[PDB]
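Here is the structure we will look at, set down as structure tokens.
Every read-out reported here was derived from the displayed coordinates using simple, explicitly stated rules and does not represent laboratory data. Quick reminder, even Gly has a Cβ in these numbers, built from the backbone with ideal geometry, and neighbours come from all protein chains shown.
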Amino acid sequence: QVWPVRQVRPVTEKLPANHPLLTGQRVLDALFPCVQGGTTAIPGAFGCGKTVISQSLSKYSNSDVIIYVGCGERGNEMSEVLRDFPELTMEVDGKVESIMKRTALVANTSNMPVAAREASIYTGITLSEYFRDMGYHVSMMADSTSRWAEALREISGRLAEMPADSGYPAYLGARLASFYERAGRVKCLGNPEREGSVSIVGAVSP
Amino acid sequence: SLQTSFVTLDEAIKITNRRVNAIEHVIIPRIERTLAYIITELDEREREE
Amino acid sequence: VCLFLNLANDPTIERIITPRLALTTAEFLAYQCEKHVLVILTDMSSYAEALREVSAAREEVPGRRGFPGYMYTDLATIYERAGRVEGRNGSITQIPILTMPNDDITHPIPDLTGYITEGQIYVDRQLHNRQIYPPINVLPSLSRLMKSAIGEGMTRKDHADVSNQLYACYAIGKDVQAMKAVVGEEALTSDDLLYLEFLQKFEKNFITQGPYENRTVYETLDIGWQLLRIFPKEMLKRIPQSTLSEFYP
Amino acid sequence: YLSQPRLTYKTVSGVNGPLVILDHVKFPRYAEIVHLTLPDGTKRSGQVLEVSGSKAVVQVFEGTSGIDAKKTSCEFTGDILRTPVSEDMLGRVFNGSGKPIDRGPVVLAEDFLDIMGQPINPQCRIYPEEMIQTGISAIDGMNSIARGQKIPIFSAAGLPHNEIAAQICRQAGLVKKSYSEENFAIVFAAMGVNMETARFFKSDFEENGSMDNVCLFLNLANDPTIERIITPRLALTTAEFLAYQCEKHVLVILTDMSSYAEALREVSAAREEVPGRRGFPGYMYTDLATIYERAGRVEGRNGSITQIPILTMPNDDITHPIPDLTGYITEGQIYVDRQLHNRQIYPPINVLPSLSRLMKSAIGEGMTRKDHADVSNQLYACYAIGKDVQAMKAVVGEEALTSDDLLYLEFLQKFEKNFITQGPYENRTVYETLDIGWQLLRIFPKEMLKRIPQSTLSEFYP
């Protein structure tokens, strides 16, 4: 089937965040716990262990499906992710399952057409929503919101819109709000009653 | 000798601490506030142009 | 309670019409039915964002920080639906809620909101970092209608004077704390100790408060007098002699 | 191929600045090239910039002087710009528009390539593993360059960045671990440069004998600006071909990209676009993306490309759009420090603020030597602390100084005197740089070298 990317798949109902989200990392699990269907942000400066968090979420996590998305990482780092992450593996009742039959990828270098970088975020959210409607707990990680932001600024500066403070467009706040709210726990539509959730982990590179 | 050294040293160290506090809690915030204001004005002017 | 809702997923341009409708409903109930209606708005800043977007789409004259040049007039139009009317016993009160982008105050939204409205109640993150359930920084929180609702007949003659005195004392407390921050503890004087004591006890008692308590006005005045009694009689320069000759002890 | 005769127009709607408006044009193409005949017979060329209806627009490289309304004529090749390419262009110098400035002839076309190119397949990308010797002690030791790492060299006016570039050109090569250097070439492209410091490039490259493995491009500051726009893309196309169609590693260097930014602003002004931040075009970011990231390693091949542009700082504005964007698209950076240039140190390269992103994998046991990472970390810490100790002695006075701090001061001063200084005509293999670094490290006892594991000290420190 075909679904427009800028629209939202209707839902039966939205529910409070109830069941917790856990990870193998002790600190994040006990001191600053996350919840299923929640929203989280992590810095993305060079040298920090963002790779640790990404890999731990990919491997140890309650989520049935996982979607990693890109928005431009200067190319070589994109090769690094594309190389390392298909190789990973986990114990599934004693099996290796190194194929990563629970992940999907979206990859954009620093020279793909501007709208591809701009709209990869909405593509990822749409895929996540589609898997959410299957009554599953899905988790999503964005490599950098800052890249999506500068892509938005780029298309605005193309359109010669009236520049706001720091040269960024007026869309910014509303777009980010709409993006982040899209997540949350949801009772799905369908006679075979069911419930799934969707959680987001963005990154920020000041 | 030790005694007189002690007392003079005490007074000097308190002087230096005064200077450090003076630069730390007064001068820096004023300058950075000024700097932010200049940035804002320049951005507004460029926008009007 | 009659509700109007708009989530952030709803269409952007809808927000310009969203509040006027609710205000019209409130006006109906206030004037054609003489009810006392209280009104609350969640986020005027979102309305401002919708308005800047609409104006920018049309390429209209910009003023401060990319706003429409005429945003003042529209904010006036929304805010001015208030106050009672001759011959009818209804009433309209507004407590809109708006969010500065950051701690800056000279941002045009809060500035013009100050221009229109007759005061404001400030909330400071500093108090929130110290876990005071009302994080109300009383200092920047000027309100303009303390004139005609305070004094004999309403609460007491001494209300305005104690509030003014508390303003002065809290301010000197802030200033001496600033002096402490630079000079050190041992360079202060007794007056400084008294002012610091007043600041500490004031933030401990007057402002700090329960989520579900309900303090009467007279209790608040008693608390204020307790705080005032810390200072000697002579330091109270904002109070007339006639009032302290009766209420100080 | 074009099996049809070319067209010849006589219609000239008008002239406006560096543009020319024509009318009655049949199926004009967007980026096709044209030639112009003048009343006196002089020949010229231009590119089609704007097309609408039967009207067309043409910008003229050589400048619109003397063009008339009836006597001038136009010609349409009916094709976008294409360039020849071949291995034999090594040893040749061009002016950027394809015309050889050297006395030699026009190169033959082994093939024709589209100047714009097309992007890389992200799946085919490969993480760089090997590295490139640079012949500068600081660049090789403090930092490193993988076969595919893109690093810029920030500098300022009045600093000798051209000279660092020239030395890199003279010294570039792969480390001999014990399939030859024939698999290594360089493409040096200088943009918008003074007449002086340009003939200097020519002469310095010719004397040493570097012509065997360098393809050079010169664009003068007084040349047409569109040539400046074209030239770096031409050089990147040549490097692309030589590195992918033929199994060879290549190291492309670009000089004075700020001039390229200026020419980009020029063309933006020509097409009547509203400037964005600081007057630079809003689509500068996409353009700089297109220029970069044409390098790395790919599946099923062996060739590689490594990119080293040079940037000029407009009065140390680190938030200026040009350096900022180039930083956002490149890995790590190298600085040039003005105080060192005042101190008369021939390489003015600074140490503290620089950083290489891919150093951790550009070296290792399989590369030159196992020790190198530990040595670099230890000396980095030592240099930083020694700078701090110089700051101490500035106020406290040497009389209140310890022996350890005296050794740190010795390390600092000898480092400056010997290691960082290189000389315009001195060569150092990586092994020599490591050995000199160990000589510097030897001043401290084995225990003071906290950062290095005891093993490396046991082998090497004696």
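Taking only region C:145-187 into account, find how many residues are touching a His at 6+ places or on another chain (Cβ under 9 Å) and outside any loop (DSSP other than H, G, I, E, B).
Final tally of qualifying residues: 3.
Evaluate the following for D:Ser361: is it assigned to a helix (DSSP H, G or I), within 14 Å of chain A (Cβ to nearest Cβ) and farther than 30 Å from D:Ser258 by Cβ?
Values: assigned to a helix (DSSP H, G or I): yes; within 14 Å of chain A (Cβ to nearest Cβ): yes; farther than 30 Å from D:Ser258 by Cβ: yes.
Taking the combined requirement at face value, the residue satisfies it.
How many residues does chain B hold that are among the basic types (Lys, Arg), over 30 Å from C:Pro62 (Cβ atoms) and more than 11 Å from chain C (Cβ to nearest Cβ)?
Looking only at that region, the number is 1.
If you check D:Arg357 against the conditions, is it within 25 Å of the chain's Cα centre (by Cα), buried (at least 19 other Cβ atoms within 10 Å of the Cβ) and of a type in the set (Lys, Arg)?
Yes.
Taking region A:108-144 as the search range and keeping residues that are more than 18 Å from D:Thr286 (Cβ to Cβ) and hydroxyl-bearing (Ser, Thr, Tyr), which one is farthest from the chain's Cα centre (by Cα)?
By that ranking, first place goes to A:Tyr136.
State all residues of region A:64-117 that are assigned to a loop (DSSP other than H, G, I, E, B), more than 10 Å from chain D (Cβ to nearest Cβ) and among the small types (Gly, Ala, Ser); if no residue qualifies, say none.
Listed by number, the residues that qualify are A:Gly94, A:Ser98.
Return yes or no: is C:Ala56 more than 14 Å from every other protein chain (Cβ to nearest Cβ) and of a type outside the set (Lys, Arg)?
no
With respect to C:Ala82, is the statement that it is part of a helix (DSSP H, G or I) and among the hydrophobic types (A, V, I, L, M, F, W, C) true?
No, not satisfied.
Consider only pairs whose beta carbons are under 8 Å apart and that are at least six residues apart or on different chains; among these, list those whose first residue lies in region A:118-129 and is surrounded by 19 or more Cβ atoms within 10 Å (Cβ to Cβ) and whose second residue is of a type in the set (A, V, I, L, M) and in a helix (DSSP H, G or I).
Short answer, once both residue conditions are applied: A:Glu118/A:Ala151; A:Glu118/A:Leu152; A:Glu118/A:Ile155.
Testing A:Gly196 on (1) more than 14 Å from chain D (Cβ to nearest Cβ); (2) surrounded by fewer than 17 Cβ atoms within 10 Å (Cβ to Cβ); (3) in contact with a helix residue (DSSP H, G or I) (Cβ under 8 Å, 6 or more places away or on another chain), one condition comes back false. Which one is that?
(2)
Restricting the first residue to region D:441-457 and requiring it to be surrounded by 13 or more Cβ atoms within 10 Å (Cβ to Cβ), which pairs with a second residue that is charged (D, E, K, R) meet a Cβ separation below 7 Å and a spacing of at least six or different chains?
D:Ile443/D:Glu410; D:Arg451/D:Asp374; D:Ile452/D:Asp374; D:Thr456/D:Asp371; D:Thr456/D:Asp374; D:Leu457/D:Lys446
Restricting the first residue to region D:314-335 and requiring it to be closer than 25 Å to D:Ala138 by Cβ, which pairs with a second residue that is in a helix (DSSP H, G or I) and hydrophobic (A, V, I, L, M, F, W, C) meet a Cβ separation below 7 Å and a spacing of at least six or different chains?
The qualifying pairs are D:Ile322/D:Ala261; D:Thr326/D:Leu288; D:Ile329/D:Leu288; D:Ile329/D:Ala289.
Does D:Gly41 qualify as being assigned to a loop (DSSP other than H, G, I, E, B) and small (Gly, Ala, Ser)?
Criteria met by D:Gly41.
Could you tell me which residue of region D:253-286 is nearest to D:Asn219 (Cα to Cα), considering only residues that are in a helix (DSSP H, G or I) and facing another protein chain (nearest Cβ under 10 Å)? Outline the logic, then answer.
Residues of region D:253-286 in a helix (DSSP H, G or I): D:257-270, D:277-279, D:284-286.
From what's left, facing another protein chain (nearest Cβ under 10 Å): D:277-279, D:284-286.
Numbers: D:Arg277: 27, D:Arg278: 26, D:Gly279: 24, D:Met284: 21, D:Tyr285: 23, D:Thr286: 23 Å.
Among residues in region D:253-286 that are in a helix (DSSP H, G or I) and facing another protein chain (nearest Cβ under 10 Å), the one nearest to D:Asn219 (Cα to Cα) is D:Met284.
Among the residues of region D:400-423, how many are within 31 Å of the chain's Cα centre (by Cα) and surrounded by 12 or more Cβ atoms within 10 Å (Cβ to Cβ)?
7
Name the residues in region C:11-38 that are in a helix (DSSP H, G or I) and either within 14 Å of chain A (Cβ to nearest Cβ) or within 23 Å of C:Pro108 (Cα to Cα) (or both), would you? Before you say what the answer is, go through the steps one by one.
In the first step, residues of region C:11-38 are kept if they are in a helix (DSSP H, G or I); the result is C:14-31.
The answer is C:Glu14, C:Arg15, C:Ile16, C:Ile17, C:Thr18, C:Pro19, C:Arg20.
Could you list, in sequence order, all residues of region C:146-166 that are surrounded by fewer than 14 Cβ atoms within 10 Å (Cβ to Cβ) and under 17 Å from the mean Cα position of the chain (by Cα)?
The answer is C:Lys147, C:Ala149, C:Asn164.
When only residues in region C:185-228 that are within 17 Å of C:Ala171 (Cα to Cα) and charged (D, E, K, R) count, which is surrounded by the most Cβ atoms within 10 Å (Cβ to Cβ)?
C:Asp192
Are any of the residues in region A:146-154 in contact with a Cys (Cβ under 6 Å, 6 or more places away or on another chain) and either within 14 Å of chain D (Cβ to nearest Cβ) or part of a helix (DSSP H, G or I) (or both)?
For region A:146-154, residues in contact with a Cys (Cβ under 6 Å, 6 or more places away or on another chain) and either within 14 Å of chain D (Cβ to nearest Cβ) or part of a helix (DSSP H, G or I) (or both): present.
For region D:287-300, which positions are farther than 13 Å from D:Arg147 by Cα, more than 8 Å from every other protein chain (Cβ to nearest Cβ) and either aliphatic (A, V, I, L, M) or assigned to a loop (DSSP other than H, G, I, E, B) (or both)?
Within region D:287-300, D:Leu288, D:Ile291, D:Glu299, D:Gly300 qualify.
Which residues, taken from region D:120-154, are facing chain A (nearest Cβ under 10 Å), more than 18 Å from D:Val250 (Cα to Cα) and in contact with a strand residue (DSSP E or B) (Cβ under 9 Å, 6 or more places away or on another chain)?
Answer for region D:120-154, where residues must be facing chain A (nearest Cβ under 10 Å), more than 18 Å from D:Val250 (Cα to Cα) and in contact with a strand residue (DSSP E or B) (Cβ under 9 Å, 6 or more places away or on another chain): D:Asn121, D:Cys124.
Which numbered condition in (1) loosely packed, with under 13 Cβ neighbours inside 10 Å; (2) part of a loop (DSSP other than H, G, I, E, B) is the only one that A:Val27 fails?
All conditions pass for A:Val27, except number (2).
Looking at this structure, is A:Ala41 away from chain D (no Cβ under 14 Å), in a loop (DSSP other than H, G, I, E, B) and not polar (S, T, N, Q)?
It is false that A:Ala41 is away from chain D (no Cβ under 14 Å), in a loop (DSSP other than H, G, I, E, B) and not polar (S, T, N, Q).
Just to check your reading of the model, which residue among D:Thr312, D:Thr326 is away from every other protein chain (no Cβ under 13 Å) and among the polar types (S, T, N, Q)?
Answer to the selection: D:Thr312.
Tell me, which residue of region C:21-77 that is under 30 Å from B:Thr40 (Cα atoms) and of a type in the set (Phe, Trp, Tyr) is surrounded by the fewest Cβ atoms within 10 Å (Cβ to Cβ)?
Looking at residues that are under 30 Å from B:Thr40 (Cα atoms) and of a type in the set (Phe, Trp, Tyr), I get C:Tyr70.
Criterion first (assigned to a strand (DSSP E or B) and either within 14 Å of chain A (Cβ to nearest Cβ) or loosely packed, with under 15 Cβ neighbours inside 10 Å (or both)) does D:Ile305 satisfy it?
The answer is yes for D:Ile305.
Looking only at region D:425-447, which residues are assigned to a loop (DSSP other than H, G, I, E, B) and touching a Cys at 6+ places or on another chain (Cβ under 9 Å)?
D:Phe444, the sole residue that qualifies.
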